[PDB]
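Structure record follows, encoded as structure tokens.
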Amino acid sequence: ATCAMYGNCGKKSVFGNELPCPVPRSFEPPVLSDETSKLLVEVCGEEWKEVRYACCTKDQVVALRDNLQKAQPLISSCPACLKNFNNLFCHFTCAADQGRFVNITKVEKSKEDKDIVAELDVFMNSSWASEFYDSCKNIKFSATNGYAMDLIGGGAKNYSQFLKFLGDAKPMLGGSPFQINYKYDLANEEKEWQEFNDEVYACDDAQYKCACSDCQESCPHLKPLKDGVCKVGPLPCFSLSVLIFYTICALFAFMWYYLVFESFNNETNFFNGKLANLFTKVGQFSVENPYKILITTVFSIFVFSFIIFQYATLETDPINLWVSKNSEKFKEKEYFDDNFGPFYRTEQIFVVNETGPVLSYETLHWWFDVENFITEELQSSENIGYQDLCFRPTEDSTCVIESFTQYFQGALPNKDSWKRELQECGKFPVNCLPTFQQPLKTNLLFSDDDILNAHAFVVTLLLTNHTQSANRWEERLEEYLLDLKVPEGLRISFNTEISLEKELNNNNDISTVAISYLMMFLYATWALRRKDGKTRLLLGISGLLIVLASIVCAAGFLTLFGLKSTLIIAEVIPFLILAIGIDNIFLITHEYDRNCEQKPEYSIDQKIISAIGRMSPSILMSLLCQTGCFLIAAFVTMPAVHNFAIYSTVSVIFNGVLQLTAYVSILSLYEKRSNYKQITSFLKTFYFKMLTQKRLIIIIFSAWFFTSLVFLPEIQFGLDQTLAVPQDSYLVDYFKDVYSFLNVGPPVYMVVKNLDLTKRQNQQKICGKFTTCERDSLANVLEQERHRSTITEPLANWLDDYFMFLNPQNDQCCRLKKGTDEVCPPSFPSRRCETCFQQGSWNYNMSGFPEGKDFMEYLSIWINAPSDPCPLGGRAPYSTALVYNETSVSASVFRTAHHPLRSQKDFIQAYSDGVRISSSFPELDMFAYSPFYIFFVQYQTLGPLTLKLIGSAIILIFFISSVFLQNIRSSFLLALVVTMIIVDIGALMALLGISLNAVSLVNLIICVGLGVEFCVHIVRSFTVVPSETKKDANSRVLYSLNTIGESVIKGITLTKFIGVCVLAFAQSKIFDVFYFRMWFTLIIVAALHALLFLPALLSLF
Ligand SMILES: C[C@@H]1CC[C@@]2(OC1)O[C@H]1C[C@H]3[C@@H]4CC=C5C[C@@H](OCCC(CO[C@H]6O[C@H](CO)[C@@H](O[C@H]7O[C@H](CO)[C@@H](O)[C@H](O)[C@H]7O)[C@H](O)[C@H]6O)CO[C@H]6O[C@H](CO)[C@@H](O[C@H]7O[C@H](CO)[C@@H](O)[C@H](O)[C@H]7O)[C@H](O)[C@H]6O)CC[C@]5(C)[C@H]4CC[C@]3(C)[C@H]1[C@@H]2C
Ligand SMILES: CC(C)CCC[C@@H](C)[C@H]1CC[C@H]2[C@@H]3CC=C4C[C@@H](OC(=O)CCC(=O)O)CC[C@]4(C)[C@H]3CC[C@]12C
Ligand SMILES: CC(C)CCC[C@@H](C)[C@H]1CC[C@H]2[C@@H]3CC=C4C[C@@H](OC(=O)CCC(=O)O)CC[C@]4(C)[C@H]3CC[C@]12C
Ligand SMILES: CC(C)[C@@H](C)/C=C/[C@@H](C)[C@H]1CC[C@H]2C3=CC=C4C[C@@H](O)CC[C@]4(C)[C@H]3CC[C@]12C
Ligand SMILES: *[C@@H]1O[C@H](CO)[C@@H](O[C@@H]2O[C@H](CO)[C@@H](O)[C@H](O)[C@H]2NC(C)=O)[C@H](O)[C@H]1NC(C)=O
Ligand SMILES: *[C@@H]1O[C@H](CO)[C@@H](O[C@@H]2O[C@H](CO)[C@@H](O)[C@H](O)[C@H]2NC(C)=O)[C@H](O)[C@H]1NC(C)=O
Ligand SMILES: *[C@@H]1O[C@H](CO)[C@@H](O[C@@H]2O[C@H](CO)[C@@H](O)[C@H](O)[C@H]2NC(C)=O)[C@H](O)[C@H]1NC(C)=O
Ligand SMILES: *[C@@H]1O[C@H](CO)[C@@H](O[C@@H]2O[C@H](CO)[C@@H](O)[C@H](O)[C@H]2NC(C)=O)[C@H](O)[C@H]1NC(C)=O
């Protein structure tokens, strides 16, 4: 047909490539020969089997075939790109209608005085070019670690300039000998020349499908964007729901403006009475035999104090007092540890220049002399150094130090060229290798990639020895770094593996405990004095000693079963039990004084027993409400706070028994012997007058509750690490640095279990680099979940490395002695061994990959490869990432990483991604594991949990109140007040900055217990009244306050005030933030509700 090009007339210059001979557009080439037809179908494709009058000869096709092989390896990953590439250069040289879309701009003379072409012009549809560029745009070269466009396209980012590179005349560098120009626009009104248009194949094509790694389109777009996790609008979703609820509530109010029990009572009444007879009998038994029960108490406490002193007194460590040993994250940790070995122990050192850069010859010279000392000649007491515990990648390899010193291999560089050398090594780590032969990322070494302007560099040391010997060395390193004399301006902050455990069990706040104890003995004596001003010091002493006998009994009774209490939480029980324990002393003693005031016919023995039998249900309900609240708080699974609820539950029970039995006897003896002679309101009228405004108080307090129900969703989550460690420690500085100067994240592992990996079906579920495999494979999904999730850094797939290792192109990798299956020795650099797979036995669509028994035959030589000849050896990188027994690969690990994680909110968000992603593969047994996951397993279900525990506690309070008060209406009011205190404190939790942990969730569950003590006494007096008193509501409530109101203010109210105040001053901030602000806000909030609100509500019950 019409050909503008045909045949070769000779080379343009000596040794130059032969150039084709130009021909007129009317030239008609003869019919093709038999050999040409065979070549065209093979070299180009079967689609050319029909062409008769081609425009190319035998020399042209063989030359074309030779040239095409040049670029075949680069673009062989994606068959679509390869198919398109061949088509463009096949039609351009052999298409019958070559002249239709080809024009000769310039023709030059050859050596043989025969004209040859020097420049050419072609025209094609822009759609064709756009598709062609798209197919080969995202091809990735295995060895270059970058897009293949750099090698073939020269980094071209536009389709227009991509063809330009191909058309560039660069014969010296192997380019096209003659310039080629491509036109993307042609208004061919004349239509003399026809534009070049032909079929275009994209990676999505079924026939020419390409892997996800090759092109974006083939990757899984099945990424349903999870929604609803965050808030909606400018306010939280729940708050908007509440706000509309108030609006509709107001509209209803606007419309308002315009406009058998007897059987239960009898049974309960008999039950209530039976308790009174039971309790008075106990008092008679105790009072009638004072010495008998006093000797037993003294003897018993000595028996129990013996157990705690020697038999059992233990503490714990971070992984035993903050993680439940039954959770799923701890069953996974044990499995990973058993097979793939425990994670490395990590020591980190930060060298920080607060202002300005760090790297200077003075600082660099100084550090080189203190990093060659830690890692070479520290020699802990047992003469074990870092060289006996450090992590060695192989059997014989210098162990890993992740420091910038490794760029120079521990050789102090010269004073002149150190700046340029460091920049070059950082910019291109491949050109600056450490002694253990692996590139060091600049993010793991410096705060920022600028290097020279970095504010701090990080030194990491890895210990693969977990015996107690490694602990001994870390003691020496901790001591060495503390006393190190850094230059002026610089700073150091480090965290050895054992630093956390040492500092947690270091705070000793027992001094302040003895001060709170001293204050309450002072106050108790003052508040227990007689109406005449006389003081009874002995009674006050018994109050303090009686509570101690409860704590010691609990710590001795409970330690028998094997419970261990933490040092941190063993300093909090004394305040809690004493605040609750001493409450019943004043009520019994004070009420006893009243009985002496009137009706003195009874004697001391008869008066006290009457005092005990009268408020016994009031005391009994306090004990039963201080064990349900604590027992419900024992459902928290953190061992540190689960043992705190069990320890307090037993202490409260023992304190009650040792008060209605042992203190009653003591009181009788003290009063009988003393034989006191029979005894012969500012700020109240003002307060009493205030209660006259029933509606003003209710409206104000009601508004406070409702405005505090739209701030609950503003409460944060998580416990800050800096709080736990005591102040002035070296870990407060460290945790501050990790949040600002570290640019790497924990290395999440993706363990896969019970997978065959020997049948081709299973391998396709982890493929990430081949075409015929599944699209939802593990490698493809994890590749896509890198722009939206927290797991960003690339995945280390050992299965794709294994198959690449068998590639015949990498001949050196899989050398096998010819004629045998034995491995070619490394000392055999001769033609005595060949590749495992021949040229035609390996294809990118898994046509000849190992299967069945053959899979484990070659896996035993890849995982033992030296890795020196070619980088695809597997002995060094993936030695410990497999658990195989020459018949299966039962387990395996794929390593990834998170991003910096610079906050407590990112730690919780990251943990969610690990759980979310591990549940995206229903066909696998995958589970992700990172070192920090076990410590954040509580916040996943802390939302529903806190509602259930608090909701359960309020329900329990209502149930017991109805049984004792014998009045449903009164009980409901008490439950309504208690739930009003909890909500109010919850909103104040957001403002004060307290978060929601398992430590501040138990504190909020025992607030209902403490919040019922204030109100239970007021409510009961309202229900039960003397006959002489009027039955009108105002009279009864006024009667109640005048009777038991004083004891609440001088007792339950003020006593807790003294205890909490002392707890504010402490070294650890965990006591100041959680156990003080929570228990100090409760008293103020509960005091207002109990005194100002509750009587107003009762009067209008
Ligand atoms: C909080 C902390 C922080 C995080 C942390 O813990 C927690 O995380 C933890 C995780 C840890 C690492 C994990 C596991 C290893 C493997 C081991 O590794 C064997 C060493 C070999 C590694 O081989 C290959 O390593 C990579 C694959 O593994 C390959 O890269 C890619 O692999 C995939 C691509 O396919 C994709 O994944 C990516 O594209 C890319 O990743 C890489 O290219 C290739 O080198 C070294 O091989 C050499 O072999 C010959 C020498 O022997 C050399 O030959 C020569 O001989 C003379 C030399 O004498 C010369 O001068 C001649 O000129 C020359 O001819 C030859 O050139 C050279 O290759 C070395 C230790 C290390 C790094 C650990 C260190 C410590 C951590 C970073 C911890 C760390 C502390
Ligand atoms: C009741 C009182 C005494 C508090 C008890 C719990 C604390 C000791 C917890 C609360 C949050 C924990 C921290 C949460 C996050 C991390 C990151 C994580 O760091 C790792 O690299 C993992 C180390 C490992 O796997 O052991 C574990 C340590 C640390 C600081 C934890 C140490 C122990 C902390 C401070
Ligand atoms: C009768 C009781 C239940 C009322 C008083 C409950 C309070 C203890 C408040 C104070 C702050 C509230 C929390 C503030 C924020 C949220 C939003 C949301 O938190 C989540 O993390 C949702 C997702 C998840 O559960 O992981 C679910 C409710 C929760 C935990 C709230 C539950 C109820 C809390 C604990
Ligand atoms: C591997 C890198 C260096 C990249 C840039 C090189 C690719 C080579 C192998 C490719 C790119 C474009 C190809 C190319 C361009 C155009 C022509 C004109 C033609 O009618 C015969 C084939 C010929 C001569 C081929 C030869 C092989 C070339 C030059
Ligand atoms: C830490 O950074 C500060 C700020 O750059 C350094 O202080 C400067 O040091 C240079 C010489 O290195 C002096 O010329 C400047 O006068 C210093 N002050 C300022 C404000 O720039 C300090 O040297 C750095 N630390 C160390 C150990 O050198
Ligand atoms: C951790 O290091 C210690 C000390 O090097 C190892 O224990 C030593 O083992 C050698 C070899 O059996 C003995 O000769 C030494 O006497 C041991 N020293 C001590 C102090 O016990 C220990 O084996 C290492 N742990 C691991 C898991 O490799
Ligand atoms: C893709 O996989 C096939 C599977 O065998 C490879 O081999 C081809 O198999 C088909 C089976 O119908 C034959 O028709 C082809 O002739 C085979 N290809 C040959 C002999 O080259 C194939 O090589 C793989 N690669 C592709 C399709 O590009
Ligand atoms: C080699 O390991 C494989 C693990 O895949 C063993 O085969 C499995 O063993 C477990 C435990 O007994 C069984 O529950 C599985 O049914 C076995 N078959 C599988 C997982 O396909 C195999 O027995 C081991 N070989 C030897 C000699 O111990």
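Naming scheme: A, B, ... for chains in displayed order of the structure tokens; residues 1 onward per chain; ligands 1 onward as shown.
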
From region 773-849 of chain A, collect each residue whose DSSP state is helix (DSSP H, G or I) and return the set as a VMD selection string.
-> chain A and resid 778 to 784 798 to 805 839 to 841

Find the spatial neighbours of residue 1009 (chain A), counting only C-alpha atoms, within a cut-off of 6 Å - ignore same-chain residues fewer than 2 positions away - and output them as a list in words.
-> residues 626, 629, 1006, 1007, 1011 and 1012 of chain A

I need the chosen residues saved as a compact mmCIF listing (two decimals), in the first residue's frame, with N, CA, C and O atoms.
```txt
# COMPACT_ATOMS: atom_id res chain seq x y z
N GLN A 626 -22.53 0.77 100.52
CA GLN A 626 -21.10 0.95 100.34
C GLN A 626 -20.39 -0.34 99.96
O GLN A 626 -19.16 -0.38 99.92
N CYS A 629 -21.94 -0.46 95.67
CA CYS A 629 -21.23 0.52 94.86
C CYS A 629 -19.80 0.06 94.58
O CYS A 629 -19.29 0.23 93.47
N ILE A 1006 -17.99 5.15 92.83
CA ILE A 1006 -18.10 5.31 94.28
C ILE A 1006 -18.57 6.70 94.67
O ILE A 1006 -18.67 7.00 95.87
N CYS A 1007 -18.85 7.57 93.70
CA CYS A 1007 -19.46 8.86 94.01
C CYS A 1007 -20.93 8.70 94.35
O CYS A 1007 -21.46 9.46 95.18
N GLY A 1011 -22.41 9.80 97.54
CA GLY A 1011 -23.50 10.74 97.33
C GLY A 1011 -24.83 10.32 97.91
O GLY A 1011 -25.79 11.08 97.82
N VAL A 1012 -24.90 9.13 98.49
CA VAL A 1012 -26.12 8.64 99.12
C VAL A 1012 -26.01 8.84 100.63
O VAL A 1012 -27.01 8.99 101.33
```

CA of residue 807 (chain A) to CA of residue 89 (chain A) measures 27.6 Å

Taking only C-alpha atoms and all ligand atoms into account, which residues are within 6 Å of ligand 1, as an MDAnalysis selection string?
-> chainID A and resid 145 393 437:438 796 867:868 871 876:877

Pick from A:601, A:1014, A:39, A:715, whichever lies nearest to ligand 3 using only C-alpha atoms and all ligand atoms | A:715

Please report, as CSV, each residue of chain A lying at most 6 Å from ligand 2, together with the nearest pair of atoms and the separation in Å rounded to one decimal; use only C-alpha atoms and all ligand atoms, and order rows by chain and ascending residue number.
```
residue,atom,partner,partner_atom_place_in_ligand_line,distance
A:318,CA,ligand 2,8 (C),5.1
A:322,CA,ligand 2,6 (C),5.1
A:568,CA,ligand 2,3 (C),5.2
A:640,CA,ligand 2,1 (C),5.6
A:719,CA,ligand 2,11 (C),5.7
A:721,CA,ligand 2,35 (C),4.4
A:724,CA,ligand 2,35 (C),5.6
A:931,CA,ligand 2,25 (O),4.0
A:932,CA,ligand 2,18 (C),4.4
A:935,CA,ligand 2,14 (C),5.7
```

Name the residues in contact with residue 666 (chain A) at a cut-off of 8 Å, using only C-alpha atoms, excluding same-chain residues fewer than 5 positions from it; report them as JSON, numbers by chain.
-> {"A": [290, 539, 542]}

Expected file contents, prior selection, N, CA and C atoms, as a compact mmCIF listing (two decimals), in the first residue's frame:
```txt
# COMPACT_ATOMS: atom_id res chain seq x y z
N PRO A 290 -18.05 -6.56 127.66
CA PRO A 290 -17.11 -5.64 126.99
C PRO A 290 -15.73 -6.24 126.81
N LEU A 539 -12.59 8.48 123.17
CA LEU A 539 -13.52 8.11 122.11
C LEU A 539 -12.94 8.44 120.74
N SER A 542 -10.42 5.80 119.75
CA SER A 542 -11.06 4.58 119.29
C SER A 542 -11.54 4.71 117.85
```

Hey, could you make a per-residue contact list for chain A against ligand 8 with 9 Å as the cut-off, showing the nearest pair of atoms and its distance in Å to one decimal, counting only C-alpha atoms and all ligand atoms, sorted by chain and number, as a Markdown table?
```
| residue | atom | partner | partner_atom_place_in_ligand_line | distance |
| --- | --- | --- | --- | --- |
| A:753 | CA | ligand 8 | 5 (O) | 8.9 |
| A:754 | CA | ligand 8 | 20 (C) | 5.7 |
| A:755 | CA | ligand 8 | 20 (C) | 7.2 |
| A:756 | CA | ligand 8 | 21 (O) | 6.3 |
| A:883 | CA | ligand 8 | 2 (O) | 8.5 |
| A:884 | CA | ligand 8 | 2 (O) | 6.6 |
| A:885 | CA | ligand 8 | 1 (C) | 4.9 |
| A:886 | CA | ligand 8 | 1 (C) | 7.1 |
| A:887 | CA | ligand 8 | 1 (C) | 5.4 |
| A:888 | CA | ligand 8 | 5 (O) | 5.0 |
| A:889 | CA | ligand 8 | 5 (O) | 6.4 |
| A:890 | CA | ligand 8 | 5 (O) | 4.4 |
| A:891 | CA | ligand 8 | 5 (O) | 8.1 |
```

Name each residue within 12 Å of ligand 5, counting only C-alpha atoms and all ligand atoms, as a PyMOL selection string.
-> chain A and resi 351-367+452-456+486-491

Find the residues near residue 1004 (chain A): any atom within 12 Å, counting only C-alpha atoms, skip ones fewer than 5 places away on the same chain, and give them as a CSV table (one decimal) with N, CA, C and O atoms, in the first residue's frame.
```
chain,number,residue,atom,x,y,z
A,629,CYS,N,-21.9,-0.5,95.7
A,629,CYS,CA,-21.2,0.5,94.9
A,629,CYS,C,-19.8,0.1,94.6
A,629,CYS,O,-19.3,0.2,93.5
A,630,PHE,N,-19.1,-0.5,95.6
A,630,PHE,CA,-17.8,-1.0,95.4
A,630,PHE,C,-17.8,-2.3,94.6
A,630,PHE,O,-16.9,-2.5,93.7
A,632,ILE,N,-19.9,-3.3,92.3
A,632,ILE,CA,-20.1,-3.0,90.9
A,632,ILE,C,-18.9,-2.4,90.3
A,632,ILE,O,-18.6,-2.7,89.1
A,633,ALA,N,-18.1,-1.6,91.0
A,633,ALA,CA,-16.9,-1.1,90.5
A,633,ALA,C,-15.8,-2.2,90.3
A,633,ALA,O,-14.8,-1.9,89.7
A,946,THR,N,-19.5,2.5,80.8
A,946,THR,CA,-19.7,3.4,81.9
A,946,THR,C,-21.2,3.7,82.1
A,946,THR,O,-21.6,4.0,83.3
A,947,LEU,N,-22.0,3.6,81.1
A,947,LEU,CA,-23.4,3.7,81.2
A,947,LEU,C,-24.0,2.5,82.0
A,947,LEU,O,-24.8,2.7,82.9
A,949,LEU,N,-22.4,0.4,84.2
A,949,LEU,CA,-21.9,0.4,85.6
A,949,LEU,C,-22.7,1.5,86.4
A,949,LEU,O,-23.1,1.2,87.5
A,950,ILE,N,-22.7,2.7,85.9
A,950,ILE,CA,-23.4,3.8,86.6
A,950,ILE,C,-24.9,3.5,86.6
A,950,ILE,O,-25.6,3.7,87.6
A,951,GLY,N,-25.5,3.2,85.4
A,951,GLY,CA,-26.9,2.9,85.4
A,951,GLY,C,-27.3,1.7,86.3
A,951,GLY,O,-28.3,1.7,86.9
A,953,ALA,N,-25.6,1.0,89.1
A,953,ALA,CA,-25.5,1.4,90.5
A,953,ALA,C,-26.7,2.2,90.9
A,953,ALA,O,-27.2,2.1,92.1
A,954,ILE,N,-27.2,3.1,90.1
A,954,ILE,CA,-28.4,3.9,90.4
A,954,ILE,C,-29.6,3.0,90.6
A,954,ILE,O,-30.4,3.2,91.6
A,978,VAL,N,-29.5,11.5,93.3
A,978,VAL,CA,-28.2,10.9,93.1
A,978,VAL,C,-27.8,11.0,91.6
A,978,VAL,O,-26.7,11.4,91.3
A,979,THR,N,-28.8,10.7,90.7
A,979,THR,CA,-28.5,10.8,89.3
A,979,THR,C,-28.2,12.3,88.9
A,979,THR,O,-27.6,12.5,87.8
A,981,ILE,N,-26.5,14.4,90.8
A,981,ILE,CA,-25.2,14.7,91.2
A,981,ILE,C,-24.2,14.2,90.2
A,981,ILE,O,-23.2,14.8,89.8
A,982,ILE,N,-24.4,12.9,89.7
A,982,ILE,CA,-23.4,12.3,88.8
A,982,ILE,C,-23.3,13.1,87.5
A,982,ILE,O,-22.2,13.3,87.0
A,983,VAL,N,-24.5,13.5,87.0
A,983,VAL,CA,-24.5,14.3,85.7
A,983,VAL,C,-23.7,15.6,86.0
A,983,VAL,O,-22.9,16.0,85.1
A,984,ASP,N,-24.0,16.2,87.1
A,984,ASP,CA,-23.4,17.5,87.4
A,984,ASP,C,-21.9,17.4,87.5
A,984,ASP,O,-21.1,18.2,86.9
A,985,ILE,N,-21.4,16.3,88.1
A,985,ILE,CA,-19.9,16.1,88.2
A,985,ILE,C,-19.4,15.7,86.9
A,985,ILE,O,-18.3,16.1,86.5
A,986,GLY,N,-20.2,15.0,86.1
A,986,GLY,CA,-19.7,14.6,84.7
A,986,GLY,C,-19.4,15.8,83.9
A,986,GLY,O,-18.3,15.9,83.2
A,989,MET,N,-16.4,17.4,85.0
A,989,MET,CA,-15.2,16.7,84.6
A,989,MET,C,-14.6,17.2,83.3
A,989,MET,O,-13.4,17.3,83.2
A,994,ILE,N,-10.4,16.6,83.6
A,994,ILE,CA,-10.2,15.1,83.9
A,994,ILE,C,-10.7,14.3,82.8
A,994,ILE,O,-11.7,14.6,82.2
A,995,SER,N,-10.0,13.2,82.5
A,995,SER,CA,-10.3,12.3,81.4
A,995,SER,C,-11.1,11.2,82.0
A,995,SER,O,-11.4,11.1,83.2
A,996,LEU,N,-11.5,10.2,81.1
A,996,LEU,CA,-12.3,9.0,81.5
A,996,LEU,C,-11.4,7.8,81.3
A,996,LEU,O,-11.3,7.3,80.1
A,997,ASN,N,-10.9,7.2,82.3
A,997,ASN,CA,-10.2,6.0,82.3
A,997,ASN,C,-10.9,4.9,83.1
A,997,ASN,O,-12.0,5.1,83.6
A,998,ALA,N,-10.2,3.8,83.4
A,998,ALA,CA,-10.6,2.9,84.4
A,998,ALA,C,-10.3,3.3,85.8
A,998,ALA,O,-10.8,2.8,86.8
A,999,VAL,N,-9.4,4.4,85.9
A,999,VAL,CA,-9.1,4.9,87.2
A,999,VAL,C,-10.1,6.0,87.7
A,999,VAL,O,-10.4,6.1,88.8
A,1009,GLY,N,-22.1,6.0,95.9
A,1009,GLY,CA,-22.0,5.5,97.2
A,1009,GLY,C,-21.8,6.7,98.3
A,1009,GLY,O,-22.5,6.7,99.3
A,1010,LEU,N,-20.9,7.6,98.0
A,1010,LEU,CA,-20.7,8.7,98.8
A,1010,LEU,C,-21.8,9.7,98.7
A,1010,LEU,O,-22.0,10.5,99.7
A,1011,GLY,N,-22.4,9.8,97.5
A,1011,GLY,CA,-23.5,10.7,97.3
A,1011,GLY,C,-24.8,10.3,97.9
A,1011,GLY,O,-25.8,11.1,97.8
A,1074,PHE,N,-6.9,12.9,89.8
A,1074,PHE,CA,-8.0,11.9,89.7
A,1074,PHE,C,-8.7,11.7,91.1
A,1074,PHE,O,-9.9,11.7,91.2
A,1075,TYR,N,-7.9,11.6,92.2
A,1075,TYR,CA,-8.4,11.3,93.5
A,1075,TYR,C,-8.7,12.5,94.4
A,1075,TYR,O,-9.1,12.3,95.5
A,1077,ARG,N,-9.5,16.1,92.7
A,1077,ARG,CA,-10.5,17.0,92.0
A,1077,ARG,C,-11.9,16.3,91.9
A,1077,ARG,O,-12.9,16.9,91.9
A,1078,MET,N,-11.9,14.9,91.8
A,1078,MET,CA,-13.1,14.2,91.7
A,1078,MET,C,-13.8,14.1,93.1
A,1078,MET,O,-15.0,14.3,93.2
A,1079,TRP,N,-13.0,13.9,94.1
A,1079,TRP,CA,-13.6,13.8,95.5
A,1079,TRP,C,-13.7,15.1,96.2
A,1079,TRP,O,-14.4,15.2,97.2
A,1081,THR,N,-14.8,17.9,94.2
A,1081,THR,CA,-16.0,18.4,93.5
A,1081,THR,C,-17.3,17.7,94.0
A,1081,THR,O,-18.3,18.3,94.0
A,1082,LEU,N,-17.2,16.4,94.3
A,1082,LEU,CA,-18.4,15.7,94.8
A,1082,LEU,C,-18.9,16.3,96.1
A,1082,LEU,O,-20.1,16.6,96.2
```

A:913, A:448, A:503, A:714: which is nearest ligand 3, counting only C-alpha atoms and all ligand atoms?
-> A:714

Would you work out the distance separating CA of residue 912 (chain A) from CA of residue 497 (chain A), expressed in Å to one decimal?
->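 Straight-line distance from CA of residue 912 (chain A) to CA of residue 497 (chain A) works out to 25.7 Å.
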
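Reported to one decimal place, the separation of CA of residue 704 (chain A) from CA of residue 691 (chain A) is 18.0 Å.
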